[PDB]
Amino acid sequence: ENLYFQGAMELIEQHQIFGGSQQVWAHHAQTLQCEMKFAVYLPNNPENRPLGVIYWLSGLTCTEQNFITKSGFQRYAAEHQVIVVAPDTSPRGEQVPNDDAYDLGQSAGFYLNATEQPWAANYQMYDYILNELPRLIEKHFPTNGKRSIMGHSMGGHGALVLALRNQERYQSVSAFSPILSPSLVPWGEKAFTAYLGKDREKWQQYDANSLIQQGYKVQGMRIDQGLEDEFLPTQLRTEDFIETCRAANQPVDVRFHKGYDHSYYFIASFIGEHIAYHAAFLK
């Protein structure tokens, strides 16, 4: 039982990798009324120079572990000297409601603020990611006050929604395999119905496609999508989002990759390009 505490944070894991430190910490999340774990990678930085932060949001069924173990990202975060934070994907705990389906409940928070019981008590992932967690990160780690955001699938949805809604908060945004029009596909119809209710007007503030239709813009975005991704035709429908962006005059860099699927094997293949993309905005 080797413990380490830094204020509200408890250190759960620490591992050296590519010269830096991959950490996992736990803390009490006031916004979620539960204990949460998050990962942070700190590039070698003996002088505590302020560094920019990239938040990586993970998708359905993931914890903080999937990205930090499978993406291979640390090599690139070290190269670019950027801090990378990988939060969890839902509240957690035996006191937190769940559903056995992979697309609802734990590991399926959809980066929104739920209003319907019993989800409202803990499912405030939008507030947690936007406000609470960054405040903790900035308190304890050597940051330069700038941040960018990216993610995969439900996490790409989250990244784009957060960037569109919060403007100056994020220097840049990108995504792998994002759910771009969640109101219009089964994953988002089901989760929204449960978490936000049957009034689809309430869904629009958590739907990147809709937000762009409403007039929200970002300076740019990069999206990478595999063409052998089984969810492309059913949940992701990137082409529809492109049409929305074009109609809105929202610039978009979108890359379709032959032969690549939805997995971390795809993410690993281009995560370095995303780290480089954001790093340029975080100096």
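In case it trips you up, residue 1 is the first one in the sequence shown, and so on.
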In the PDB record, does 247 to 255 or 52 to 60 carry the higher mean Cα temperature factor? 247 to 255
Of 171 to 179 and 98 to 106, the stretch whose C-alpha atoms average the higher B-factor in the entry: 98 to 106
Between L42, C34, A39, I223, where does the Cα B-factor run highest in the record? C34
Consider only the C-alpha atoms of the modelled residues in this chain, order them by B-factor as the entry records it, and name the third containing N144: lowest, middle or highest. highest
Can you work out whether the C-alpha temperature factor of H27 puts it in the lowest, middle or highest third of the chain? middle
Chain-relative CA temperature factor third for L236: highest
Could you look up the Cα B-factor of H152 in the entry and say which third of the chain it sits in: lowest, middle or highest? lowest
Please say which third, lowest, middle or highest, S90 falls into when its CA temperature factor is compared across its chain. lowest
